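Peer 1: Coordinates in query23.cif, mmCIF, C-alpha atoms (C1' of nucleotides), are listed below.
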```cif
data_data
loop_
_atom_site.label_atom_id
_atom_site.label_comp_id
_atom_site.auth_asym_id
_atom_site.auth_seq_id
_atom_site.Cartn_x
_atom_site.Cartn_y
_atom_site.Cartn_z
CA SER Y 1 -37.31 -12.92 -39.68
CA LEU Y 2 -37.41 -15.54 -36.90
CA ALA Y 3 -34.23 -17.53 -37.58
CA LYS Y 4 -32.20 -14.38 -36.94
CA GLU Y 5 -33.83 -13.61 -33.58
CA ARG Y 6 -33.03 -17.17 -32.50
CA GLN Y 7 -29.33 -16.39 -32.98
CA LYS Y 8 -29.42 -12.65 -32.19
CA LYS Y 9 -30.78 -13.58 -28.74
CA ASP Y 10 -28.39 -16.50 -28.16
CA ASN Y 11 -25.52 -14.10 -28.97
CA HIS Y 12 -26.66 -11.40 -26.52
CA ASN Y 13 -27.11 -14.02 -23.77
CA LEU Y 14 -23.53 -15.33 -23.55
CA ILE Y 15 -22.26 -11.75 -23.91
CA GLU Y 16 -23.77 -10.91 -20.53
CA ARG Y 17 -23.11 -14.35 -19.00
CA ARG Y 18 -19.45 -13.50 -19.59
CA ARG Y 19 -19.87 -9.98 -18.15
CA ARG Y 20 -21.90 -11.22 -15.17
CA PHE Y 21 -19.45 -14.01 -14.36
CA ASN Y 22 -16.59 -11.51 -14.73
CA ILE Y 23 -17.80 -8.99 -12.14
CA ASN Y 24 -19.32 -11.49 -9.70
CA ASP Y 25 -16.05 -13.44 -9.75
CA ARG Y 26 -14.06 -10.23 -9.22
CA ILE Y 27 -16.13 -9.40 -6.14
CA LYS Y 28 -15.37 -12.88 -4.77
CA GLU Y 29 -11.67 -12.01 -4.93
CA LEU Y 30 -12.34 -8.80 -2.99
CA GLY Y 31 -13.99 -10.88 -0.27
CA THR Y 32 -10.76 -12.82 0.24
CA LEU Y 33 -8.66 -9.69 0.87
CA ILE Y 34 -10.86 -7.80 3.37
CA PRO Y 35 -10.38 -8.62 7.07
CA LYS Y 36 -13.01 -10.55 9.00
CA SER Y 37 -13.01 -7.98 11.83
CA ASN Y 38 -15.93 -9.82 13.47
CA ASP Y 39 -17.39 -13.22 14.40
CA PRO Y 40 -19.93 -15.10 12.22
CA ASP Y 41 -22.59 -12.47 12.88
CA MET Y 42 -22.76 -10.77 9.44
CA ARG Y 43 -23.30 -12.65 6.19
CA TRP Y 44 -20.90 -11.72 3.39
CA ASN Y 45 -22.99 -10.40 0.49
CA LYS Y 46 -21.94 -8.09 -2.33
CA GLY Y 47 -23.57 -5.16 -0.52
CA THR Y 48 -21.18 -5.60 2.40
CA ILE Y 49 -18.17 -7.02 0.52
CA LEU Y 50 -17.94 -3.78 -1.46
CA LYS Y 51 -18.64 -1.49 1.51
CA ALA Y 52 -15.89 -3.38 3.33
CA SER Y 53 -13.48 -2.87 0.40
CA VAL Y 54 -14.11 0.89 0.51
CA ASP Y 55 -13.67 1.05 4.28
CA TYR Y 56 -10.53 -1.12 4.03
CA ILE Y 57 -8.90 1.16 1.45
CA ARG Y 58 -9.56 4.40 3.36
CA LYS Y 59 -7.91 2.92 6.46
CA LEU Y 60 -4.92 1.88 4.34
CA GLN Y 61 -4.77 5.39 2.86
CA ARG Y 62 -4.63 6.80 6.40
CA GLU Y 63 -1.55 4.70 7.28
CA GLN Y 64 0.20 6.03 4.15
CA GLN Y 65 1.57 9.14 5.85
CA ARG Y 66 3.03 7.05 8.69
CA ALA Y 67 4.94 4.80 6.30
CA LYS Y 68 6.25 7.77 4.30
CA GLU Y 69 7.91 9.09 7.46
CA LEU Y 70 9.35 5.64 8.19
CA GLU Y 71 10.93 5.28 4.75
CA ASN Y 72 12.48 8.71 5.30
CA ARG Y 73 13.65 7.65 8.76
CA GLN Y 74 15.17 4.42 7.45
CA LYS Y 75 17.19 6.36 4.87
CA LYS Y 76 18.68 8.26 7.83
CA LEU Y 77 19.21 5.18 10.05
CA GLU Y 78 20.76 3.17 7.21
CA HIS Y 79 23.26 6.00 6.79
CA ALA Y 80 24.04 5.83 10.51
CA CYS Y 81 24.39 2.04 10.63
CA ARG Y 82 26.51 2.20 7.47
CA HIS Y 83 28.98 4.42 9.36
CA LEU Y 84 28.58 2.66 12.72
CA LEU Y 85 29.54 -0.75 11.32
CA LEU Y 86 32.70 0.80 9.86
CA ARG Y 87 34.34 0.47 13.30
CA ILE Y 88 33.50 -3.19 14.05
CA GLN Y 89 36.28 -5.31 12.51
CA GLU Y 90 35.73 -8.85 13.82
CA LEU Y 91 35.35 -11.01 10.72
CA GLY Y 92 37.33 -14.24 10.99
CA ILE Y 93 39.03 -15.06 7.70
CA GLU Y 94 37.59 -18.58 8.01
CA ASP Y 95 34.09 -17.02 7.97
CA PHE Y 96 35.05 -15.02 4.86
CA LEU Y 97 36.10 -18.10 2.88
CA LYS Y 98 32.63 -19.56 3.48
CA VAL Y 99 31.53 -16.98 0.87
CA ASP Y 100 32.65 -17.79 -2.68
CA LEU Y 101 32.77 -14.54 -4.64
CA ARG Y 102 33.41 -15.32 -8.29
CA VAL Y 103 33.85 -13.46 -11.59
CA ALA Y 104 31.24 -14.35 -14.21
CA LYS Y 105 30.95 -13.52 -17.91
CA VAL Y 106 27.46 -12.55 -19.06
CA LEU Y 107 25.89 -14.48 -21.94
CA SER Y 108 22.17 -13.64 -21.97
CA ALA Y 109 20.31 -10.53 -20.81
CA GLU Y 110 16.71 -11.69 -21.19
CA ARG Y 111 14.38 -9.04 -19.80
CA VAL Y 112 11.34 -10.41 -17.96
CA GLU Y 113 7.81 -9.60 -19.15
CA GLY Y 114 5.49 -7.68 -16.85
CA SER Y 115 8.42 -6.63 -14.65
CA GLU Y 116 10.20 -3.27 -14.56
CA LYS Y 117 12.51 -4.56 -11.78
CA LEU Y 118 13.96 -8.02 -12.51
CA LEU Y 119 16.22 -9.07 -15.39
CA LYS Y 120 17.01 -12.68 -16.29
CA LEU Y 121 20.54 -13.42 -17.46
CA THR Y 122 22.62 -16.53 -18.16
CA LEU Y 123 26.16 -16.45 -16.77
CA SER Y 124 29.23 -18.63 -17.32
CA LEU Y 125 31.73 -19.54 -14.58
CA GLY Y 126 34.06 -21.27 -17.05
CA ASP Y 127 33.05 -24.92 -17.15
CA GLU Y 128 29.82 -24.38 -15.20
CA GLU Y 129 26.98 -22.16 -16.42
CA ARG Y 130 24.20 -20.58 -14.36
CA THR Y 131 21.10 -18.42 -14.78
CA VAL Y 132 20.62 -15.58 -12.29
CA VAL Y 133 17.86 -13.00 -11.74
CA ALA Y 134 18.96 -9.43 -10.99
CA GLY Y 135 16.76 -6.58 -9.78
CA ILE Y 136 18.74 -4.05 -11.83
CA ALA Y 137 16.22 -3.21 -14.58
CA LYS Y 138 15.54 0.48 -13.90
CA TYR Y 139 19.30 1.23 -14.00
CA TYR Y 140 21.18 -1.20 -16.27
CA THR Y 141 20.00 -1.94 -19.81
CA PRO Y 142 20.06 -5.61 -20.90
CA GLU Y 143 22.17 -5.12 -24.03
CA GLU Y 144 24.87 -3.31 -22.02
CA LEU Y 145 26.51 -6.09 -20.00
CA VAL Y 146 26.17 -8.85 -22.62
CA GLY Y 147 29.69 -10.16 -23.10
CA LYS Y 148 31.16 -8.03 -20.32
CA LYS Y 149 32.06 -9.89 -17.11
CA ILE Y 150 30.84 -9.08 -13.58
CA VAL Y 151 31.19 -10.31 -9.99
CA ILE Y 152 28.54 -12.48 -8.30
CA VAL Y 153 28.12 -14.89 -5.37
CA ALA Y 154 28.29 -18.59 -6.27
CA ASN Y 155 27.91 -20.82 -3.20
CA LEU Y 156 24.13 -20.38 -2.90
CA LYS Y 157 21.11 -22.62 -3.01
CA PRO Y 158 18.83 -22.43 -6.06
CA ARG Y 159 15.68 -20.47 -5.21
CA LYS Y 160 12.74 -19.71 -7.48
CA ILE Y 161 12.23 -15.99 -8.14
CA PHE Y 162 9.21 -14.67 -10.09
CA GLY Y 163 8.65 -18.16 -11.46
CA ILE Y 164 12.32 -18.42 -12.46
CA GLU Y 165 15.04 -20.52 -10.82
CA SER Y 166 18.03 -18.32 -9.90
CA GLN Y 167 21.06 -20.22 -8.55
CA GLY Y 168 23.24 -17.30 -7.50
CA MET Y 169 23.20 -13.58 -6.74
CA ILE Y 170 24.74 -10.41 -8.20
CA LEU Y 171 26.72 -7.87 -6.18
CA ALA Y 172 25.85 -4.18 -6.50
CA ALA Y 173 26.77 -0.92 -4.77
CA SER Y 174 23.86 1.50 -4.46
CA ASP Y 175 23.31 5.24 -3.97
CA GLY Y 176 19.50 5.23 -3.96
CA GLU Y 177 18.33 6.69 -7.27
CA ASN Y 178 21.34 5.04 -9.00
CA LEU Y 179 23.28 1.79 -8.57
CA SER Y 180 26.37 0.19 -10.13
CA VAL Y 181 27.54 -3.41 -10.56
CA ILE Y 182 30.91 -4.83 -9.54
CA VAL Y 183 33.45 -5.33 -12.31
CA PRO Y 184 37.11 -6.45 -12.48
CA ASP Y 185 39.49 -3.63 -13.40
CA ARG Y 186 41.57 -5.61 -15.89
CA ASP Y 187 40.16 -8.53 -17.85
CA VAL Y 188 40.72 -11.99 -16.34
CA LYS Y 189 39.54 -15.49 -17.18
CA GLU Y 190 35.97 -15.74 -15.95
CA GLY Y 191 35.05 -18.10 -13.15
CA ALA Y 192 37.96 -16.69 -11.15
CA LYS Y 193 37.89 -16.94 -7.37
CA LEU Y 194 38.05 -13.73 -5.36
CA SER Y 195 40.56 -13.92 -2.50
CA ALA Y 196 41.57 -11.37 0.13
CA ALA Y 197 44.53 -13.36 1.46
CA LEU Y 198 47.78 -12.28 -0.20
CA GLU Y 199 50.01 -14.97 -1.68
CA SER A 1 -55.93 -10.29 -6.94
CA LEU A 2 -54.43 -8.69 -10.03
CA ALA A 3 -53.79 -5.75 -7.69
CA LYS A 4 -52.20 -7.97 -5.05
CA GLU A 5 -50.22 -9.50 -7.92
CA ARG A 6 -48.87 -6.06 -8.83
CA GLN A 7 -48.42 -5.06 -5.18
CA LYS A 8 -46.25 -8.14 -4.64
CA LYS A 9 -44.27 -7.08 -7.73
CA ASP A 10 -44.14 -3.31 -7.17
CA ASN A 11 -42.68 -4.03 -3.73
CA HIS A 12 -40.34 -6.72 -5.06
CA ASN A 13 -39.06 -4.37 -7.77
CA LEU A 14 -38.38 -1.55 -5.31
CA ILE A 15 -36.50 -3.80 -2.87
CA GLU A 16 -34.19 -4.98 -5.64
CA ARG A 17 -33.87 -1.48 -7.10
CA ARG A 18 -32.53 -0.35 -3.72
CA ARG A 19 -30.04 -3.25 -3.71
CA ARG A 20 -28.42 -2.56 -7.09
CA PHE A 21 -28.31 1.17 -6.27
CA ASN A 22 -26.22 0.31 -3.19
CA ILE A 23 -23.74 -2.01 -4.92
CA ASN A 24 -23.43 0.36 -7.90
CA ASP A 25 -22.94 3.43 -5.69
CA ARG A 26 -20.09 1.57 -3.95
CA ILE A 27 -18.38 0.86 -7.27
CA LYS A 28 -18.71 4.59 -7.96
CA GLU A 29 -17.26 5.32 -4.51
CA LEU A 30 -14.68 2.59 -5.14
CA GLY A 31 -13.67 4.46 -8.29
CA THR A 32 -13.04 7.71 -6.42
CA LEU A 33 -10.19 6.00 -4.55
CA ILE A 34 -8.53 4.13 -7.44
CA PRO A 35 -5.64 6.29 -8.73
CA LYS A 36 -4.99 7.45 -12.30
CA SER A 37 -4.57 4.64 -14.83
CA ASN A 38 -1.41 6.08 -16.46
CA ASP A 39 -3.63 6.77 -19.49
CA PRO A 40 -5.55 10.08 -19.66
CA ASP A 41 -7.73 8.35 -22.30
CA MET A 42 -9.24 5.43 -20.36
CA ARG A 43 -12.72 3.91 -20.08
CA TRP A 44 -13.76 3.21 -16.48
CA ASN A 45 -16.25 0.38 -16.72
CA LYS A 46 -17.25 -1.63 -13.66
CA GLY A 47 -15.41 -4.81 -14.66
CA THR A 48 -12.17 -2.82 -14.62
CA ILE A 49 -12.72 -0.79 -11.44
CA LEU A 50 -13.26 -4.08 -9.61
CA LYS A 51 -10.14 -5.53 -11.21
CA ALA A 52 -8.31 -2.27 -10.50
CA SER A 53 -9.28 -2.11 -6.82
CA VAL A 54 -8.30 -5.77 -6.30
CA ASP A 55 -4.81 -5.11 -7.67
CA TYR A 56 -4.67 -1.77 -5.84
CA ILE A 57 -5.31 -3.54 -2.51
CA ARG A 58 -2.90 -6.42 -3.15
CA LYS A 59 -0.31 -3.67 -3.65
CA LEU A 60 -1.28 -1.68 -0.54
CA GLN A 61 -1.16 -4.88 1.54
CA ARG A 62 2.48 -5.47 0.54
CA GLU A 63 3.39 -1.85 1.31
CA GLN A 64 1.65 -2.12 4.69
CA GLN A 65 3.50 -5.29 5.69
CA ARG A 66 6.75 -3.67 4.54
CA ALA A 67 6.38 -0.75 6.95
CA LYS A 68 5.31 -3.27 9.60
CA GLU A 69 8.70 -4.94 9.20
CA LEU A 70 10.59 -1.63 9.09
CA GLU A 71 9.13 -0.23 12.32
CA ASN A 72 10.09 -3.54 13.95
CA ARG A 73 13.70 -3.22 12.75
CA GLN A 74 13.94 0.44 13.76
CA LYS A 75 12.46 -0.43 17.17
CA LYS A 76 15.19 -3.06 17.50
CA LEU A 77 17.93 -0.48 16.82
CA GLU A 78 16.64 1.95 19.44
CA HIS A 79 16.57 -0.98 21.86
CA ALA A 80 20.18 -1.92 21.08
CA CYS A 81 21.63 1.60 21.26
CA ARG A 82 19.61 2.16 24.43
CA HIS A 83 21.12 -0.86 26.19
CA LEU A 84 24.53 0.04 24.73
CA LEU A 85 24.86 3.47 26.40
CA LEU A 86 23.69 2.11 29.79
CA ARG A 87 26.31 -0.47 30.71
CA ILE A 88 25.26 -1.06 34.35
CA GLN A 89 21.97 -2.82 33.62
CA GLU A 90 19.44 -1.74 36.26
CA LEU A 91 15.79 -2.79 36.38
CA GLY A 92 14.44 0.27 38.20
CA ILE A 93 16.20 2.69 35.86
CA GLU A 94 13.85 1.40 33.15
CA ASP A 95 10.87 3.59 32.18
CA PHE A 96 13.42 6.48 32.27
CA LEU A 97 15.94 5.34 29.65
CA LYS A 98 13.00 5.69 27.26
CA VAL A 99 13.33 9.45 27.88
CA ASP A 100 16.04 11.09 25.75
CA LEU A 101 17.03 14.23 27.68
CA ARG A 102 19.70 16.27 25.90
CA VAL A 103 21.53 19.58 26.28
CA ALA A 104 20.64 21.99 23.47
CA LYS A 105 21.81 25.52 22.68
CA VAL A 106 19.47 28.41 21.85
CA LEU A 107 20.71 29.76 18.52
CA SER A 108 17.80 32.18 18.12
CA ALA A 109 14.51 32.88 19.88
CA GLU A 110 11.69 35.01 18.50
CA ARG A 111 8.21 35.83 19.77
CA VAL A 112 5.29 34.25 17.92
CA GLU A 113 2.68 36.70 16.64
CA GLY A 114 -0.73 36.13 18.20
CA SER A 115 0.53 34.31 21.31
CA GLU A 116 0.80 36.10 24.64
CA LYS A 117 2.95 33.49 26.40
CA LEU A 118 4.56 31.41 23.61
CA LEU A 119 8.11 31.48 22.21
CA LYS A 120 9.66 29.92 19.09
CA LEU A 121 13.15 28.59 19.81
CA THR A 122 15.79 27.48 17.27
CA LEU A 123 17.87 24.91 19.14
CA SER A 124 21.22 23.48 18.05
CA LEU A 125 22.22 19.98 19.10
CA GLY A 126 25.61 20.27 17.39
CA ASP A 127 24.82 17.52 14.90
CA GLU A 128 21.50 19.00 13.74
CA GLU A 129 19.22 21.99 14.35
CA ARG A 130 15.73 21.92 15.87
CA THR A 131 12.66 24.17 16.04
CA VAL A 132 11.03 23.88 19.47
CA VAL A 133 8.14 25.90 20.93
CA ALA A 134 7.97 26.64 24.66
CA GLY A 135 5.46 28.68 26.64
CA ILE A 136 7.84 30.84 28.70
CA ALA A 137 7.53 34.19 26.92
CA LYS A 138 5.87 35.74 29.98
CA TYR A 139 9.03 34.99 32.02
CA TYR A 140 12.05 34.82 29.68
CA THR A 141 13.02 37.36 27.07
CA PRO A 142 14.29 36.24 23.65
CA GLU A 143 17.42 38.32 24.30
CA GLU A 144 18.20 36.37 27.48
CA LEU A 145 17.87 32.90 25.99
CA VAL A 146 20.29 33.23 23.05
CA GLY A 147 23.38 31.13 23.75
CA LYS A 148 21.90 29.68 26.95
CA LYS A 149 22.26 25.88 26.98
CA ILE A 150 18.93 24.33 28.02
CA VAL A 151 18.01 20.70 28.72
CA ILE A 152 15.13 19.52 26.49
CA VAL A 153 13.11 16.34 25.91
CA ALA A 154 14.50 15.72 22.45
CA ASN A 155 12.51 12.61 21.47
CA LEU A 156 8.90 13.64 22.11
CA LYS A 157 6.58 13.00 19.18
CA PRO A 158 6.48 16.06 16.89
CA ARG A 159 3.42 18.03 17.98
CA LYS A 160 2.26 20.92 15.78
CA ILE A 161 0.95 24.08 17.46
CA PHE A 162 0.44 27.51 15.84
CA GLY A 163 1.29 25.95 12.47
CA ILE A 164 4.90 25.35 13.57
CA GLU A 165 6.21 21.88 14.39
CA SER A 166 7.86 21.57 17.80
CA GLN A 167 10.40 18.73 17.47
CA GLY A 168 10.54 17.87 21.15
CA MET A 169 9.80 20.25 23.99
CA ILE A 170 11.98 22.05 26.53
CA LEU A 171 12.04 21.27 30.23
CA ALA A 172 10.75 23.77 32.79
CA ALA A 173 10.09 23.85 36.52
CA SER A 174 7.63 26.19 38.21
CA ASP A 175 6.94 26.77 41.90
CA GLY A 176 3.80 28.73 40.96
CA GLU A 177 5.32 32.03 42.08
CA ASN A 178 8.15 31.83 39.51
CA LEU A 179 9.43 29.69 36.63
CA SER A 180 12.88 28.63 35.38
CA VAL A 181 14.42 26.52 32.60
CA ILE A 182 16.72 23.57 33.36
CA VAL A 183 20.39 24.07 32.47
CA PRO A 184 23.62 22.15 33.17
CA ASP A 185 25.95 23.44 35.97
CA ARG A 186 29.29 23.21 34.05
CA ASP A 187 29.55 24.10 30.37
CA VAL A 188 29.19 20.98 28.18
CA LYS A 189 29.01 20.62 24.40
CA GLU A 190 25.61 20.92 22.75
CA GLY A 191 23.82 17.62 22.24
CA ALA A 192 25.12 15.98 25.43
CA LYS A 193 22.87 13.13 26.57
CA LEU A 194 21.84 13.12 30.22
CA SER A 195 21.98 9.94 32.28
CA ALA A 196 21.63 8.82 35.88
CA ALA A 197 24.79 9.38 37.93
CA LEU A 198 25.58 6.23 39.93
CA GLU A 199 28.21 3.51 40.20
"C1'" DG Q 1 -42.60 -14.51 3.57
"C1'" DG Q 2 -38.61 -11.12 2.81
"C1'" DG Q 3 -33.40 -10.43 1.20
"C1'" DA Q 4 -29.74 -12.00 -2.06
"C1'" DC Q 5 -28.94 -14.08 -6.41
"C1'" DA Q 6 -28.66 -15.25 -11.49
"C1'" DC Q 7 -30.87 -14.96 -15.73
"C1'" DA Q 8 -33.31 -13.23 -20.02
"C1'" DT Q 9 -34.55 -8.66 -22.45
"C1'" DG Q 10 -34.88 -3.04 -23.31
"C1'" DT Q 11 -31.84 1.20 -23.60
"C1'" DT Q 12 -27.91 3.83 -24.54
"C1'" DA Q 13 -23.38 4.94 -26.35
"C1'" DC Q 14 -20.57 5.32 -30.52
"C1'" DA Q 15 -16.89 0.42 -29.55
"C1'" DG Q 16 -14.29 -2.22 -33.20
"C1'" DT E 1 -24.13 -1.54 -38.33
"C1'" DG E 2 -23.56 -4.91 -34.32
"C1'" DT E 3 -21.02 -5.24 -30.35
"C1'" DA E 4 -19.86 -3.57 -25.47
"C1'" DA E 5 -21.40 -1.55 -21.02
"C1'" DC E 6 -25.65 -0.18 -18.14
"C1'" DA E 7 -30.41 -0.78 -17.20
"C1'" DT E 8 -34.99 -3.03 -15.40
"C1'" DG E 9 -38.18 -6.52 -14.04
"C1'" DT E 10 -39.27 -11.57 -12.95
"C1'" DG E 11 -38.50 -16.31 -11.17
"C1'" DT E 12 -35.61 -19.69 -8.15
"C1'" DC E 13 -33.39 -20.22 -3.72
"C1'" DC E 14 -32.25 -19.48 0.80
"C1'" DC E 15 -33.24 -19.52 5.89
"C1'" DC E 16 -33.58 -24.70 9.43
#
```
Mind converting the file's structure to structure tokens?

Peer 2:
Amino acid sequence: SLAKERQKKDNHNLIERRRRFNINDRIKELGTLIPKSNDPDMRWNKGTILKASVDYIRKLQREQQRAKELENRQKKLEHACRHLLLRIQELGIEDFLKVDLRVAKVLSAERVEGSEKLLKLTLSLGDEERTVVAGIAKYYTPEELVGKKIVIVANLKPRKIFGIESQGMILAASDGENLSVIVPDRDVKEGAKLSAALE
Amino acid sequence: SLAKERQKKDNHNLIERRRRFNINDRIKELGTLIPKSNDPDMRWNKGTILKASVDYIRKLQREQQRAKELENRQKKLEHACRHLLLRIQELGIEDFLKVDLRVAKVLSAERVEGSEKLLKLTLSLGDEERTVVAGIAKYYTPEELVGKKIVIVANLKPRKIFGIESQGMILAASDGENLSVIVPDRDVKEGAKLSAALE
DNA sequence: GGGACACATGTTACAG
DNA sequence: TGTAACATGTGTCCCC
């Protein structure tokens, strides 16, 4: 029974060589996130890299109560600014036409893997077609707006989002724990230009 | 020499045994801080606690930088509204505009059990209510103060004493022989913001 | 020469 | 069973 021990040992070896390389490479990542906090006076070993990760987390847990009070405060200041701006009416109509608000008919509603926030969807502006990413996952289901037409912003530059190119942006009114999209009352031909000036 | 051979080993073994104990006891301590894994049936092996803490820090770093941006924005608002209300820009008046002195109204005052000289006030600023503690019980009765409009420092950091949170503190002046609160001369609406009188 | 490291085996749990 | 996850003890390397 010697030919088996030659392979039973070679199997156990690369089991641990995978486990060793796994943990020791995961500690290396931790070393990149911790702050230096000092000059080259202490050598970064696993003993200290871990101790630093613990000490780093506890400090971050201490700042948690401060941020909770800021998010509460911003909900109150956003409500004030929302009402304050209501009495500043100085938009030049030339500066409004710079923005091209357009009606778009939805074609795809591809959810995005590993993401409970963003939804990928292919829109159609008539002749032109675009793909836009929308952070509306937790509220709007994908197979809900397929075929129905919505209002977006067109004159934008294509920017990669979550590894996806999104040339455009979707309008949405929010109320915190719930948000809606913008939708034409009566059906119109998609790709239509929104215009405030009366003709 | 076979003793010196073992003595070199028995020491070498103990030095390493103390090293692994340290970097394993950190992973244990690192596990006490990682939150629940959304699965009440989960195996917490080291390779995952390291992976977990890495991801848990990458997430806390984003949340930290977010509040870092928010407090900057909120600080910018206070700066704008502060320079708004003071049209005649004066350099020497600075260091005092930072103080938000306002006229409040004592809705209800009650003595605090266990304190000889403390008083729990319930101030109204018109817009909102406030609970402020002041140490003037040895001089003012709770029956006197009700309805009396007092000037208070309405933007002091909330300091908790006697388990009650004093949101700002009232103004008082004492000559040593006596003590009085600071009121406005003519009757003005609650929540009126004091300012320097000059032209 | 002592502290940190990676590597090859002995032990336990009880997977898949 | 035979992995998968934790354990110990020994040899190479480092410092400059």

Peer 1: May I have the protein, DNA and RNA residues with any atom at most 10 Å from the point (-30.1, -3.8, -22.0), counting only C-alpha atoms (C1' of nucleotides), written as a ChimeraX atom specification?

Peer 2: /Y:12,16 /Q:9-12 /E:5-8

Peer 1: Take the residues from that selection and put them in a file with C-alpha atoms (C1' of nucleotides), as a CSV table (one decimal), in the frame of the given file.

Peer 2:
```csv
chain,number,residue,atom,x,y,z
Y,12,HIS,CA,-26.7,-11.4,-26.5
Y,16,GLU,CA,-23.8,-10.9,-20.5
Q,9,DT,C1',-34.6,-8.7,-22.4
Q,10,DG,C1',-34.9,-3.0,-23.3
Q,11,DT,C1',-31.8,1.2,-23.6
Q,12,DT,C1',-27.9,3.8,-24.5
E,5,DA,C1',-21.4,-1.6,-21.0
E,6,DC,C1',-25.6,-0.2,-18.1
E,7,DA,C1',-30.4,-0.8,-17.2
E,8,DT,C1',-35.0,-3.0,-15.4
```

Peer 1: The PyMOL selection byres ((chain E) within 10 of (chain Y)) on the file shown: which residues, as a list in words?

Peer 2: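 Output from the PyMOL selection byres ((chain E) within 10 of (chain Y)), applied to this file: residues 2, 3, 4 and 5 of chain E.
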
Peer 1: With a distance threshold of 12 Å and counting only C-alpha atoms (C1' of nucleotides), extract the residues of chain Q near chain A and express them as an NGL selection string.

Peer 2: :Q and (1-5 or 15)

Peer 1: Give me a file of those residues, with C-alpha atoms (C1' of nucleotides), as a PDB file, in the coordinates of the input.

Peer 2:
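New file selection-v1.pdb:
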```pdb
ATOM      1  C1'  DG Q   1     -42.600 -14.510   3.570  1.00  0.00           C
ATOM      2  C1'  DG Q   2     -38.610 -11.120   2.810  1.00  0.00           C
ATOM      3  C1'  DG Q   3     -33.400 -10.430   1.200  1.00  0.00           C
ATOM      4  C1'  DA Q   4     -29.740 -12.000  -2.060  1.00  0.00           C
ATOM      5  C1'  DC Q   5     -28.940 -14.080  -6.410  1.00  0.00           C
ATOM      6  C1'  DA Q  15     -16.890   0.420 -29.550  1.00  0.00           C
TER       7       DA Q  15
END
```

Peer 1: Please determine the contact residues of chain Y with respect to chain A at a cut-off of 12 Å, counting only C-alpha atoms, and supply them as a short mmCIF file (atom, residue, chain, number, x, y, z; two decimals) with C-alpha atoms, in the coordinates of the input.

Peer 2:
```cif
data_model
loop_
_atom_site.label_atom_id
_atom_site.label_comp_id
_atom_site.auth_asym_id
_atom_site.auth_seq_id
_atom_site.Cartn_x
_atom_site.Cartn_y
_atom_site.Cartn_z
CA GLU Y 16 -23.77 -10.91 -20.53
CA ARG Y 18 -19.45 -13.50 -19.59
CA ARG Y 19 -19.87 -9.98 -18.15
CA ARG Y 20 -21.90 -11.22 -15.17
CA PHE Y 21 -19.45 -14.01 -14.36
CA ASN Y 22 -16.59 -11.51 -14.73
CA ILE Y 23 -17.80 -8.99 -12.14
CA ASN Y 24 -19.32 -11.49 -9.70
CA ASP Y 25 -16.05 -13.44 -9.75
CA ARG Y 26 -14.06 -10.23 -9.22
CA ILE Y 27 -16.13 -9.40 -6.14
CA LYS Y 28 -15.37 -12.88 -4.77
CA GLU Y 29 -11.67 -12.01 -4.93
CA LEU Y 30 -12.34 -8.80 -2.99
CA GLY Y 31 -13.99 -10.88 -0.27
CA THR Y 32 -10.76 -12.82 0.24
CA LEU Y 33 -8.66 -9.69 0.87
CA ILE Y 34 -10.86 -7.80 3.37
CA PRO Y 35 -10.38 -8.62 7.07
CA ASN Y 45 -22.99 -10.40 0.49
CA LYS Y 46 -21.94 -8.09 -2.33
CA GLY Y 47 -23.57 -5.16 -0.52
CA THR Y 48 -21.18 -5.60 2.40
CA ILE Y 49 -18.17 -7.02 0.52
CA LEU Y 50 -17.94 -3.78 -1.46
CA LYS Y 51 -18.64 -1.49 1.51
CA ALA Y 52 -15.89 -3.38 3.33
CA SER Y 53 -13.48 -2.87 0.40
CA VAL Y 54 -14.11 0.89 0.51
CA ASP Y 55 -13.67 1.05 4.28
CA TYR Y 56 -10.53 -1.12 4.03
CA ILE Y 57 -8.90 1.16 1.45
CA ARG Y 58 -9.56 4.40 3.36
CA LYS Y 59 -7.91 2.92 6.46
CA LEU Y 60 -4.92 1.88 4.34
CA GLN Y 61 -4.77 5.39 2.86
CA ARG Y 62 -4.63 6.80 6.40
CA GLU Y 63 -1.55 4.70 7.28
CA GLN Y 64 0.20 6.03 4.15
CA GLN Y 65 1.57 9.14 5.85
CA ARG Y 66 3.03 7.05 8.69
CA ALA Y 67 4.94 4.80 6.30
CA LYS Y 68 6.25 7.77 4.30
CA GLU Y 69 7.91 9.09 7.46
CA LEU Y 70 9.35 5.64 8.19
CA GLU Y 71 10.93 5.28 4.75
CA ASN Y 72 12.48 8.71 5.30
CA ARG Y 73 13.65 7.65 8.76
CA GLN Y 74 15.17 4.42 7.45
CA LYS Y 75 17.19 6.36 4.87
CA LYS Y 76 18.68 8.26 7.83
CA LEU Y 77 19.21 5.18 10.05
CA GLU Y 78 20.76 3.17 7.21
CA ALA Y 80 24.04 5.83 10.51
CA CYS Y 81 24.39 2.04 10.63
CA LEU Y 84 28.58 2.66 12.72
#
```

Peer 1: Any idea what the distance is between atom CA of residue 184 of chain Y and atom CA of residue 150 of chain Y?

Peer 2: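 Going from atom CA of residue 184 of chain Y over to atom CA of residue 150 of chain Y covers 6.9 Å.
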
Peer 1: Separation of atom CA of residue 125 of chain Y and atom CA of residue 176 of chain Y, in Å?

Peer 2: 29.6 Å

Peer 1: Quick check on the file I pasted: which residues fall under the PyMOL selection byres ((chain Y and resi 119) around 7)? Write them as a PyMOL selection string.

Peer 2: chain Y and resi 109-112+117-118+120-121+133-137

Peer 1: To one decimal place in Å, what is the distance between atom CA of residue 100 of chain A and atom CA of residue 156 of chain A?

Peer 2: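 Between atom CA of residue 100 of chain A and atom CA of residue 156 of chain A the gap is 8.4 Å.
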